[PDB]
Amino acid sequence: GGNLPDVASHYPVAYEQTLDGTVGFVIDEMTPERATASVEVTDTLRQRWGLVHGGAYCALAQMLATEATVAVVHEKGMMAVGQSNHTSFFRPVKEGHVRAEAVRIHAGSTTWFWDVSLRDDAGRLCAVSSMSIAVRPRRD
């Protein structure tokens, strides 16, 4: 269910109705140190000029990094929420796919940080996101 980490028995929003399921984001690999996700390009991922929307690289990096953090911390009583997403854009994508790889570079008790790379179908680095994720005790 986008293959998001299954950590709870109920989720307030079903994959298919969330922003992630509407645009088509899917997790491929997840480990505590490294995760990957990808998306086919369709108009839903696009802005009116025909290119993948800036916000789409933002949202992908945000979901991958956060949920890669939930994967470890949820069962320890904690919740994870993005505190900063800094996305920089090097090359546009008109069509094909966007592939993200998140590499964990810091795992602290109140903040985890992930370096995310967003690549096109030729493997070219099209964007990066520095993802900073607040970790806090879950509200009952």
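Don't overthink the numbering: it's just position in the shown sequence, from 1.
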(request) Could you check the entry and say whether 52-60 or 70-78 has the higher mean CA B-factor? (result) 70-78
(request) Higher average CA B factor in the deposited record is what I'm after, so tell me if that's 6-14 or 112-120. (result) 6-14
(message) Per the entry's Cα B factor values, which of 45, 107, 100, 65 stands out as the maximum?
(response) 107
(request) Determine, from the deposited record, the chain-internal third of the Cα B-factor for residue 35: lowest, middle or highest. (result) lowest
